[PDB]
Amino acid sequence: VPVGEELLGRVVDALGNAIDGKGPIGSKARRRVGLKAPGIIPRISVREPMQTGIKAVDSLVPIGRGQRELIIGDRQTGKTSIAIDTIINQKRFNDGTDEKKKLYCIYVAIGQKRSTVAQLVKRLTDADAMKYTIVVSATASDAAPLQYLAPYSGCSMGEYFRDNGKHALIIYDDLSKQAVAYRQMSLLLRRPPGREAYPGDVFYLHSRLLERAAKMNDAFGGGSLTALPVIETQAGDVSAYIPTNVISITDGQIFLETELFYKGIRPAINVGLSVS
Amino acid sequence: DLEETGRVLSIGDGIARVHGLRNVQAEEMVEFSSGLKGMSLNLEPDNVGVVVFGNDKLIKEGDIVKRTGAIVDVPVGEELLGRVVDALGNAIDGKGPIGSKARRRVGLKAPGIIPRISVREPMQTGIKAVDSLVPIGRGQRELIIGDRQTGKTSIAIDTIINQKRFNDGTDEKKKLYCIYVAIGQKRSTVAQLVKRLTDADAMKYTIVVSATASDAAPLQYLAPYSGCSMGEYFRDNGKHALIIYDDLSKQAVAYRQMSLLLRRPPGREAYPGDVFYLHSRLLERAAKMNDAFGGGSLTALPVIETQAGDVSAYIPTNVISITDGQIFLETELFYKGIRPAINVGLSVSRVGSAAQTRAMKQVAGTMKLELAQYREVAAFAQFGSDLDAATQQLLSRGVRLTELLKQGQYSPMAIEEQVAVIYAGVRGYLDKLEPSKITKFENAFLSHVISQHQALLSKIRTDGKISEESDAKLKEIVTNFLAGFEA
Amino acid sequence: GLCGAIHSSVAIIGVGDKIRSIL
Amino acid sequence: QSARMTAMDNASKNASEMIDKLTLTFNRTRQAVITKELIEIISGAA
Amino acid sequence: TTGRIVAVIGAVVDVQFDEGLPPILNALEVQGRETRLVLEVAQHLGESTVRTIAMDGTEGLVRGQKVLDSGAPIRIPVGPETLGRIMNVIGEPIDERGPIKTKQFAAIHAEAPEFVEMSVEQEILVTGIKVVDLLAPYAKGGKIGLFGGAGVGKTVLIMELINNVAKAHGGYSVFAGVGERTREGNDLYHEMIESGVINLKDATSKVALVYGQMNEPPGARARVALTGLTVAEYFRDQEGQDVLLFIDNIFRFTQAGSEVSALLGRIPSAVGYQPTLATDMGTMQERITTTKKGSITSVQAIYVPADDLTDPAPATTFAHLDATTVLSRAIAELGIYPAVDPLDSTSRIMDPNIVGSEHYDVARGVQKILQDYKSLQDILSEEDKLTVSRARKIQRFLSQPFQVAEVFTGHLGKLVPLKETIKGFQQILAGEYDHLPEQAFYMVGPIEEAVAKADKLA
Amino acid sequence: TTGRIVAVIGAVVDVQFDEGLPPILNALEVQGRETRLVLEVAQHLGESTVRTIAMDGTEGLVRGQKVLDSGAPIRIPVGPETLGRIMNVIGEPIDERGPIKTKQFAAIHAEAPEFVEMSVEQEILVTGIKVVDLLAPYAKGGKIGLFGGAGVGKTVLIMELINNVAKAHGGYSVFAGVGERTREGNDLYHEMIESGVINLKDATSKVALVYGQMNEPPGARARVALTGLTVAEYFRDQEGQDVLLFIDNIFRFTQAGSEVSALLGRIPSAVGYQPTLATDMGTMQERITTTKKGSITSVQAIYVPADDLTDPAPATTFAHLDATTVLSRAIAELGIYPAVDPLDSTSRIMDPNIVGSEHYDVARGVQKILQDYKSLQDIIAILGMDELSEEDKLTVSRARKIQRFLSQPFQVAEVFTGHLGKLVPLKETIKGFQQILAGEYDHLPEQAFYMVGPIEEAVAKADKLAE
Amino acid sequence: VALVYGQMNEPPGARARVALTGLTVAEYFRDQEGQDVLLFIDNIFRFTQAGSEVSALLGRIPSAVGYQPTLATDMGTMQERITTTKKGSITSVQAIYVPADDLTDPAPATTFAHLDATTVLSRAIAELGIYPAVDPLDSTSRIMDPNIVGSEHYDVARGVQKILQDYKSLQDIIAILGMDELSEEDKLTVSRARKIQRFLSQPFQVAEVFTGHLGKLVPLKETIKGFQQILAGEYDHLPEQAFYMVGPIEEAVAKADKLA
Amino acid sequence: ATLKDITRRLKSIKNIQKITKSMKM
């Protein structure tokens, strides 16, 4: 896929093709989508704050640069909104001249409807946040392979910043829909189903993606890629198969609940069940 | 030659598909070129599905497979007593060869309707709750069932340990040879187990048959049957044997592995349609023989592990239905202090009174009725400060008898010692004693009567009941002992 | 408690522990 | 004392109806779990 | 014709035939084996090969072993000579008394009676037992679900039923042990000998025994109910009798069917049951009915898996039941025998139209007064005190000494005619015996003995 | 002997050999790869074709690609030169420190010690962790399992155990990272350098590291535990000294087997698992053990999918352990750390004849009071506290204090608790719970008992909570 | 109005494609006429169910609950055509059947994300007599936003939902012990929530045979005002049944006056 | 929702039913 700062402010598809009507994407660099995560050595402990600007998150379940932090909950509990407030939050740093404090953002939409992604982009443009944001979109009418691919492609765009002494944030909205697209492909390739008809290696699908979010030591540039994957639960069951699969990958989770939401607890964060 | 020999077509996951062997019998044991054995479970038009007795790394495509006239049998006799063997009767205790003079097929049919007689001789566990409320007779099959770590093996071990008093005696009807079958357990657990039996001087009349976690599935599958045939030696020679299958859940798992890998059709929980048949063939071989056939017996205590108390899962359901009764163990009773953790209300013995001595029968009935009446009222034992005296008495007798059913491990009790404690609660001598003190009271009381009133305990044994004289003496001892203890 | 609307209907002394805990 | 007698009679009735309702939910779930597991096994085998 | 074994996989055996193939359900006889091995045809696989289910163990079988087509389904001895004997699923004696010397044999697979053969006549099969006859009566050709585990006097009830039906009506009984525990099969046999319902010295036996023991393959346990049915069908269709058929256990009939279906590779249905659950049940149950010739009435001991009455097995069975007998531990511990719960046991023929108007009213009166007694247990006035003492005397008059428990107790067992039962409970409801003591009604037969028990003990 | 790749589907590779067919378990070397790619023989399919599991990614493989039989299973470096180093599944160094300076090697597949080789010795291993020491103590040379659902505290606990037990250990330790986070591997590696348990300049390193994390394909994750334990087996048998073996997380071995099971042509068993789950586990677990030759104290973190302890993977693991520490999300959710379920954690040595009557009585007393409270909670949630008898509400208040006194600040958890870590001697653990049970602190507030070390801190906290 | 029909008498191929036929008709009016279009579909679940029937006949390996492995993509390719564009407006209203009342069933569960507003009906609510049987705590809209509907609208809506949620998470205790055991504070929230529940019911012009009442249509400003007044406690004295099956709040006042 | 959860609730409401009845009496 196309890779670099030329993608900033642009809405692209799963292969980096411009879908925003603004003209062809012209980067000087390209990058493979299926590269393995850095091992033990290229890494150093997460120690730099990735500020969301959300009191409950920053104080109770803090996110650092290079961390993976899941956003999880039922439909309409406020999951996307956490990611959006986080992207908008970076303007304070990005307007400055200190490159080590900046955070470049990538929003990957998987399986969403195009109008929702468009409203998302309008919001990020009005807040003057699009200028440092790449939107990668594989929507509901895109073929299953494109939806399966989109997270990895977005990840490759983010790994550009990571490997060049810069800091990027990536949102996967959402991994539930990616798992569904992958399940289809796998069943139709006649690979026999496992639990809940998902393929035997549905864990590995998400674990290889999320491991690529990492904090690099100074030898490798000191850069980072922070991931906020999104999982949709059904009836608020955080303890379900696929949810616990992804909880068991990430470096924590922000758990949102409808009960709390309507009680006036917004953001609807369950403190005891959330961790960093 | 393709009649008496074959060649491996494919090998994987303990299953060898073999071309030829046209003359093999269903369930025949054949030999690989590596020396490993296999059992011919699937006879198909173009191949034999052979289940491997070991590691498949020594079996390759094109390997020669031979019929050897092999008979699936095990050593049998009094020479196995004190020994630890594998599923096939080979010594694994490092004490040299089994000096076996006789052998017996592991796969044999159970005695039919006719050669049997009603179960009527007590099989004493030495555990008060069992001997009184879930009594076992010789020839019976009594399930021990419960979740992990509920005390299942302990019941079996204490029962084995209990037989020492009979086996050291001179009565040529009371003895009882023991067989403990370990299926799918870890080797160190079995080592701890045999240490326990050795220290208790129980190994001398016990055979341990063990097919552990790293043993190939067919070995774990066979082990119970192999042990059964060893017990059947005693049964068929006018003697009495006790077999423990610890546990049949793990045996079923091993059989399921084989069935699925042989591509037999899966059912509920992926078990095959013959999984009931697996356990029913095994457990029907426990029997009490009539005098015409020697009068011998084999008693079985199968063990089933449930998951989160689900006694209605597939394998529990099967073995519950097969057996003559069940001892149900529960986690919340265990941690409440009810140890052994027997649910008295749910546990049953269909042989019942027929398996009890007169001394036990004179107290077990009263206890059963009073606990049943207590169970109706027990929910509001802590929510009835103003309820009437009649239901207050049911509750008061209630958790007193319950405390008397509690018992420590590794000291199974003689029947006369059991009834002397059960009588004390039943005839009302502890109704004024604080609940929490009863377990420590009984320990002190029992030590006191064993040491000082052996003449009294003998009278309950020699006369086979508690007389008026015995009743008067027990009243004096209990009441005066109670006052000293509660201080 | 557990007597329906006995305490609530009647609700500085008050006879009954429910009276003072409610008021 | 009359009001407590009354309220507890009704509570015990409400508890009864809830026991029935919950036992029915339990057993539908019990059956559904078994059926679902079997359908996953069959699908994998086919 | 003679076929050859081409496959053996557990209790499933495939056989190839050179000429005409044996139809599905035909019994095949395996050649060259010590005891008798029957294979029942289940499928035509194509290429001249049939798939069969084995009736005994299949160990030692060789591919190419000769197999003989019998020309018919499993055929078993039928006639008076089955009475007092124990046979297996394929009709072999298993009591070591020699051949069962009948002058007829019959196929165990037989179609249920046709529509035109149906009787619309609804008739009570009088058992002579007060609890049953009054409150939950048996219907000729009907099916009765027998509930309760052990220790509630199940076998004694069964033996008394056999004794009473033969004594009152002149009809014989058939006991089919489906998944019989071999130990309990031995116990039942010797208990029947002691009670006199089986006589080993003459031809007066009242029951024929058919055992399908637990250690037998799925095929055997699945078909043994049919074998028992076939023995019963002779007494109905050839001797015009009102026959009793006991099936112990109906769930184990279902279970064995599920196992057979599994072994044949058929995809399981809901909860793991065979897809043929309802037809397996229907083709068997529909043979139990009233016809022009007579009737087979069946008492079927019911196991309810997971205590779930909505489980497919009991739910499917319940569709065929006309009555229930609920044996209760609570009723047993009160000393009332038979230990039949008088409120839980029900019958579809408890109707003012089927049974008499006099029958319905008294039984409804007994039900009401027992429920009202339970209502007054929580808490009396002169009317309430009258209803309490009446009901307690009714509780006792429901108890009965059995003829089968005569040598064990010494107490004379009683068979009480229907009208004697109705008028007995009628005279208590009217308060005609509230002048007399209470415990004079415990463990007696006809009401005339309860009066005499008050006349003697006054 | 030389084969050709004939099929590639994910981690599963089929290889045809015209001549010498390699036996099951053999390691095969793919030619024409930049980095070494090992295939392990799993099956003989027939037609001179073997089915194999790859130890690294299969991207770039071509039908026709040549494959060499090494003539043996995967062989890895063992011995003292593994200490202070990091190795992968196939024995390669992954610490950028050059070659493993050794020439003694061992196959990762081996037979389990026989029944005759078993030791029955079992003595207490004090952890300084109140809940563990009181209720379900560990034994030296025993098998310890730490069960838990996702994010309940398995790793924090294993790290605390490494801190409390391994830092003052008289022998060698092996840590096996099996299917976990690479970030945790980096954390641990640099922590042990900072503590000196690993030394990069001299030969004083005490710990050997083996890793195959969740970034690796299933073949790697299926086999890294065998690699890790092979290193342990050498230190046990060829030396005779005591070994500590830590595994995080052993579930990942079973999960990896389930990932490839359908592609190996297996009909699934219950809950989507391989039919071989239990024998697979048995052949691996039965090697993880103390023998008459030497001691292994093994501590294995055990993942519980969907928090369901009846899941075939954890359910099958229980029987392989001597002590079980079961963690619960229901408890973690309350801020009770470590999140140990006191009513679902067990130990072989919780026996009055081993730990003494005092220890045993207090442990059973604690469990009883907690089970009594658990049974009451739901009744009092609806009918109210005021309905309880004085005896019941005394057991409630004491139980809630006991629940809190089981919580404890860990040194390795300071970044999570905001409290300094604490280690509590067994003597003090017994005394503390004894006194609460005896009603000696009935007058103290509930919260005084939360998140402290010894009972003296609860008293001090109660005084501080006044003003 | 243009009508397109493929009903439950049709084989599955027809039922799977007929929604596309309807869409195509609407697409023309949206694009080649650039005009405001209304599209009504009853019932879109039937599209997915029909797909399940054909998938079984196509021999696909089935997905969860026996559904086609292509459930989501098939739905996406169809739903993404049901949309407003810069070229023209489609206001679409799709009735969505819920198998065995299970909202987690893959069919309805996958449909949610294709919608801007959702009205979720509840059998429990219908059985209580509240029509329309809308679940007020499970029905959502993208325009429920203070910057869109104004702070007054937003505040009253969230205030109504708070009191309803507070009533909901007392259901456990109420079902056992009744309302009389609750604190005065909780009793107040229960009484108002029950009045709000009833004021959310409304006679429909279309359902006059079933309600027995003339249908009512309420202006937005009147809806806001009515629930605002209830939340403020202005009608705490009025009986609950007064708020049942009315239009504007004045009808609830008049109804209470006739009662007492 | 899940069998374990319902199991606990069922044991709870069964105890309440009994207590409420005794309290009525």
# chains A, B, ... in the order shown; residues from 1 in each chain; ligands from 1
$ residues_around --residues "region 400-402 of chain B" --least-positions-apart "6" --cutoff "7 Å" --atoms "only C-alpha atoms" --output "PyMOL selection string"
chain B and resi 425+431+435
$ write_last_selection --atoms "N, CA and C atoms" --output "JSON list (two decimals), in the first residue's frame"
[["chain", "number", "residue", "atom", "x", "y", "z"],
["B", 425, "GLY", "N", -26.87, -39.20, 69.13],
["B", 425, "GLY", "CA", -27.61, -38.09, 68.52],
["B", 425, "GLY", "C", -29.08, -38.41, 68.36],
["B", 431, "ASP", "N", -28.46, -32.50, 72.18],
["B", 431, "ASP", "CA", -29.37, -31.42, 71.78],
["B", 431, "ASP", "C", -29.05, -30.09, 72.46],
["B", 435, "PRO", "N", -23.55, -26.58, 68.37],
["B", 435, "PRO", "CA", -23.27, -27.13, 67.04],
["B", 435, "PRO", "C", -21.78, -27.20, 66.70]]
$ interface_residues --of "chain H" --to "chain E" --cutoff "12 Å" --atoms "only C-alpha atoms" --output "JSON list (two decimals) with N, CA and C atoms, in the first residue's frame"
[["chain", "number", "residue", "atom", "x", "y", "z"],
["H", 21, "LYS", "N", -42.94, -17.38, 53.39],
["H", 21, "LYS", "CA", -44.06, -18.21, 53.85],
["H", 21, "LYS", "C", -44.04, -18.40, 55.37],
["H", 22, "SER", "N", -42.85, -18.66, 55.92],
["H", 22, "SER", "CA", -42.69, -18.81, 57.37],
["H", 22, "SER", "C", -42.95, -17.49, 58.09],
["H", 24, "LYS", "N", -44.97, -15.15, 56.96],
["H", 24, "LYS", "CA", -46.43, -15.01, 56.89],
["H", 24, "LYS", "C", -47.07, -15.77, 58.05],
["H", 25, "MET", "N", -46.57, -16.97, 58.33],
["H", 25, "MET", "CA", -47.13, -17.83, 59.37],
["H", 25, "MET", "C", -46.89, -17.32, 60.80]]
$ interface_residues --of "chain D" --to "chain B" --cutoff "12 Å" --atoms "only C-alpha atoms" --output "PyMOL selection string"
chain D and resi 30-31+33-46
$ write_last_selection --atoms "C-alpha atoms" --output "short mmCIF file (atom, residue, chain, number, x, y, z; two decimals), in the first residue's frame"
data_model
loop_
_atom_site.label_atom_id
_atom_site.label_comp_id
_atom_site.auth_asym_id
_atom_site.auth_seq_id
_atom_site.Cartn_x
_atom_site.Cartn_y
_atom_site.Cartn_z
CA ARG D 30 -30.34 -25.76 28.97
CA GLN D 31 -31.84 -27.25 25.77
CA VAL D 33 -26.93 -24.92 24.77
CA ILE D 34 -27.05 -28.66 23.94
CA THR D 35 -28.61 -28.04 20.51
CA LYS D 36 -26.13 -25.26 19.62
CA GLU D 37 -23.08 -27.36 20.61
CA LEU D 38 -24.34 -30.25 18.51
CA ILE D 39 -24.94 -28.05 15.44
CA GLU D 40 -21.33 -26.76 15.66
CA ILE D 41 -20.03 -30.34 15.89
CA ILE D 42 -22.16 -31.50 12.92
CA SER D 43 -21.10 -28.50 10.81
CA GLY D 44 -17.43 -29.21 11.51
CA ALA D 45 -17.82 -32.89 10.62
CA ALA D 46 -19.77 -32.25 7.39
#
$ residues_around --residues "residue 136 (chain G)" --least-positions-apart "3" --cutoff "9 Å" --atoms "only C-alpha atoms" --output "ChimeraX atom specification"
/G:119-121,139-140,160-161,164,197,200
$ write_last_selection --atoms "C-alpha atoms" --output "tab-separated table (two decimals), in the first residue's frame"
chain	number	residue	atom	x	y	z
G	119	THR	CA	-37.55	1.81	16.81
G	120	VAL	CA	-37.33	-1.42	18.80
G	121	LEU	CA	-40.63	-2.98	19.84
G	139	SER	CA	-34.58	2.83	20.45
G	140	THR	CA	-31.96	5.29	19.11
G	160	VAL	CA	-37.18	10.62	30.65
G	161	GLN	CA	-34.66	7.85	29.89
G	164	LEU	CA	-37.07	4.86	33.12
G	197	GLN	CA	-44.47	4.91	30.44
G	200	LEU	CA	-45.51	7.33	25.87
$ closest_atom_pairs --of "chain G" --to "chain H" --cutoff "12 Å" --atoms "only C-alpha atoms" --output "JSON lines"
{"residue": "G:172", "atom": "CA", "partner": "H:9", "partner_atom": "CA", "distance": 10.6}
{"residue": "G:173", "atom": "CA", "partner": "H:13", "partner_atom": "CA", "distance": 11.0}
{"residue": "G:175", "atom": "CA", "partner": "H:13", "partner_atom": "CA", "distance": 11.0}
{"residue": "G:176", "atom": "CA", "partner": "H:13", "partner_atom": "CA", "distance": 8.6}
{"residue": "G:177", "atom": "CA", "partner": "H:20", "partner_atom": "CA", "distance": 9.7}
$ write_last_selection --atoms "N, CA and C atoms" --output "mmCIF file, in the first residue's frame"
data_model
loop_
_atom_site.group_PDB
_atom_site.id
_atom_site.type_symbol
_atom_site.label_atom_id
_atom_site.label_comp_id
_atom_site.auth_asym_id
_atom_site.auth_seq_id
_atom_site.Cartn_x
_atom_site.Cartn_y
_atom_site.Cartn_z
ATOM 1 N N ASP G 172 -36.038 -6.245 39.810
ATOM 2 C CA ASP G 172 -35.729 -7.437 40.603
ATOM 3 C C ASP G 172 -36.457 -7.416 41.943
ATOM 4 N N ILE G 173 -36.261 -6.343 42.705
ATOM 5 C CA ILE G 173 -36.846 -6.209 44.041
ATOM 6 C C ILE G 173 -38.363 -6.027 43.998
ATOM 7 N N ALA G 175 -40.500 -7.133 41.657
ATOM 8 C CA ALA G 175 -41.122 -8.404 41.277
ATOM 9 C C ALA G 175 -41.339 -9.335 42.474
ATOM 10 N N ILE G 176 -40.441 -9.272 43.452
ATOM 11 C CA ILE G 176 -40.566 -10.091 44.655
ATOM 12 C C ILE G 176 -41.434 -9.423 45.728
ATOM 13 N N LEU G 177 -41.048 -8.219 46.144
ATOM 14 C CA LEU G 177 -41.639 -7.595 47.326
ATOM 15 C C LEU G 177 -42.680 -6.509 47.046
#
$ residues_around --residues "residue 1 (chain G)" --least-positions-apart "5" --cutoff "12 Å" --atoms "only C-alpha atoms" --output "count of residues only"
8
$ closest_residue --among "G:191, G:241, G:171, G:48" --to "chain F" --atoms "only C-alpha atoms"
G:171
$ residues_around --residues "region 346-348 of chain F" --least-positions-apart "2" --cutoff "12 Å" --atoms "only C-alpha atoms" --output "PyMOL selection string"
(chain B and resi 148-151+188-189+192-193+331+334-335) or (chain F and resi 120-125+131-140+142-147+318-327+340-344+350-355+360+363-364+367)
$ interface_residues --of "chain B" --to "chain E" --cutoff "6 Å" --atoms "only C-alpha atoms" --output "JSON, numbers by chain"
{"B": [23, 25, 26, 27, 42, 43, 44, 45, 113, 265, 268, 273, 280, 281, 312]}
$ write_last_selection --atoms "N, CA and C atoms" --output "short mmCIF file (atom, residue, chain, number, x, y, z; two decimals), in the first residue's frame"
data_model
loop_
_atom_site.label_atom_id
_atom_site.label_comp_id
_atom_site.auth_asym_id
_atom_site.auth_seq_id
_atom_site.Cartn_x
_atom_site.Cartn_y
_atom_site.Cartn_z
N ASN B 23 -7.96 -61.68 7.11
CA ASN B 23 -8.44 -62.64 8.11
C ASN B 23 -8.54 -62.11 9.55
N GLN B 25 -9.86 -60.51 13.01
CA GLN B 25 -11.13 -60.46 13.71
C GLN B 25 -11.37 -59.08 14.29
N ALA B 26 -12.64 -58.71 14.42
CA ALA B 26 -13.02 -57.46 15.06
C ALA B 26 -12.49 -57.45 16.50
N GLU B 27 -11.77 -56.39 16.84
CA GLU B 27 -11.14 -56.19 18.16
C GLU B 27 -9.87 -57.03 18.41
N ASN B 42 -11.93 -51.07 13.56
CA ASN B 42 -12.69 -50.84 12.33
C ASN B 42 -12.29 -51.82 11.25
N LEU B 43 -13.22 -52.68 10.86
CA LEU B 43 -13.02 -53.58 9.72
C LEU B 43 -13.85 -53.01 8.59
N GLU B 44 -13.17 -52.45 7.59
CA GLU B 44 -13.84 -51.82 6.46
C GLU B 44 -13.47 -52.55 5.16
N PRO B 45 -14.26 -52.36 4.09
CA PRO B 45 -14.01 -53.08 2.83
C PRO B 45 -12.56 -53.00 2.34
N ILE B 113 -28.72 -63.48 34.38
CA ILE B 113 -29.72 -63.39 35.45
C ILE B 113 -29.57 -64.53 36.48
N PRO B 265 -19.52 -41.76 13.89
CA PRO B 265 -20.39 -40.58 13.99
C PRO B 265 -20.48 -40.00 15.41
N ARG B 268 -24.06 -36.36 21.17
CA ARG B 268 -24.03 -35.40 22.27
C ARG B 268 -22.64 -35.33 22.88
N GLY B 273 -22.34 -43.28 19.87
CA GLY B 273 -23.57 -43.94 20.32
C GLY B 273 -23.39 -45.17 21.20
N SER B 280 -21.78 -49.86 30.46
CA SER B 280 -22.72 -50.89 30.93
C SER B 280 -22.11 -52.30 30.88
N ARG B 281 -21.35 -52.60 29.82
CA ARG B 281 -20.60 -53.86 29.73
C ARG B 281 -19.65 -54.02 30.92
N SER B 312 -26.61 -34.16 34.97
CA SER B 312 -27.41 -34.52 33.79
C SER B 312 -26.64 -34.44 32.47
#
$ interface_residues --of "chain A" --to "chain D" --cutoff "8 Å" --atoms "only C-alpha atoms" --output "ChimeraX atom specification"
/A:192-197
$ write_last_selection --atoms "C-alpha atoms" --output "PDB file, in the first residue's frame"
ATOM      1  CA  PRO A 192     -13.937 -26.203   8.387  1.00  0.00           C
ATOM      2  CA  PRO A 193     -15.541 -23.907  11.036  1.00  0.00           C
ATOM      3  CA  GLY A 194     -14.805 -23.873  14.778  1.00  0.00           C
ATOM      4  CA  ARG A 195     -16.509 -22.141  17.735  1.00  0.00           C
ATOM      5  CA  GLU A 196     -19.450 -19.998  16.561  1.00  0.00           C
ATOM      6  CA  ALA A 197     -18.582 -20.907  12.944  1.00  0.00           C
TER       7      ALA A 197
END
$ residues_around --residues "region 16-22 of chain C" --least-positions-apart "6" --cutoff "12 Å" --atoms "only C-alpha atoms" --output "compact mmCIF listing (two decimals) with N, CA, C and O atoms, in the first residue's frame"
# COMPACT_ATOMS: atom_id res chain seq x y z
N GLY C 1 -39.48 -3.97 59.14
CA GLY C 1 -40.08 -3.68 57.84
C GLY C 1 -40.86 -4.86 57.30
O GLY C 1 -41.45 -5.62 58.07
N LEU C 2 -40.86 -5.00 55.98
CA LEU C 2 -41.60 -6.05 55.27
C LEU C 2 -43.08 -6.13 55.69
O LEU C 2 -43.64 -7.21 55.90
N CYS C 3 -43.71 -4.96 55.80
CA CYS C 3 -45.13 -4.88 56.15
C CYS C 3 -45.87 -3.87 55.28
O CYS C 3 -46.91 -3.33 55.67
N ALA C 5 -46.91 -0.54 53.47
CA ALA C 5 -46.93 0.90 53.73
C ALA C 5 -47.36 1.24 55.16
O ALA C 5 -48.27 2.05 55.38
N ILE C 6 -46.71 0.61 56.13
CA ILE C 6 -46.97 0.87 57.55
C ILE C 6 -46.12 2.04 58.04
O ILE C 6 -46.63 2.98 58.66
N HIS C 7 -44.81 1.97 57.77
CA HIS C 7 -43.86 2.98 58.21
C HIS C 7 -43.92 4.23 57.36
O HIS C 7 -43.88 5.35 57.88
N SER C 8 -44.01 4.05 56.04
CA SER C 8 -44.02 5.16 55.09
C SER C 8 -45.24 6.06 55.25
O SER C 8 -45.14 7.28 55.11
N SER C 9 -46.39 5.45 55.55
CA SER C 9 -47.65 6.19 55.71
C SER C 9 -47.64 7.09 56.94
O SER C 9 -48.17 8.21 56.90
N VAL C 10 -47.05 6.61 58.03
CA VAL C 10 -46.95 7.39 59.27
C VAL C 10 -45.77 8.36 59.27
O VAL C 10 -45.71 9.27 60.11
N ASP F 386 -31.41 -6.26 58.20
CA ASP F 386 -32.14 -6.22 59.46
C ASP F 386 -32.91 -7.50 59.76
O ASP F 386 -33.33 -7.74 60.89
N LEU G 182 -39.95 -0.17 48.87
CA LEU G 182 -38.97 0.83 48.42
C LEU G 182 -38.96 2.08 49.29
O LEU G 182 -39.95 2.40 49.95
N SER G 183 -37.83 2.79 49.29
CA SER G 183 -37.72 4.10 49.94
C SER G 183 -38.66 5.10 49.28
O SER G 183 -39.11 4.90 48.15
N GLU G 184 -38.95 6.19 49.99
CA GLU G 184 -39.81 7.25 49.48
C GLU G 184 -39.23 7.83 48.19
O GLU G 184 -39.98 8.12 47.24
N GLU G 185 -37.91 7.99 48.16
CA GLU G 185 -37.18 8.47 46.99
C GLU G 185 -37.45 7.58 45.77
O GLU G 185 -37.84 8.09 44.72
$ select_by_dssp --residues "region 168-379 of chain B" --states "alpha helix (DSSP H)" --output "NGL selection string"
:B and (187-199 or 217-235 or 248-261 or 275-283 or 314-322 or 331-336 or 358-377)
$ interface_residues --of "chain F" --to "chain A" --cutoff "9 Å" --atoms "only C-alpha atoms" --output "PyMOL selection string"
chain F and resi 94-96+149-151+180-187+189-190+214-218+255-256+258-263+268+271-273+303+305-308+329+332-335+416
$ atom_distance --atom1 "CA of residue 35 (chain A)" --atom2 "CA of residue 35 (chain F)"
14.5 Å
$ residues_around --residues "residue 174 (chain F)" --least-positions-apart "4" --cutoff "7 Å" --atoms "only C-alpha atoms" --output "ChimeraX atom specification"
/F:207-209,232,244-246
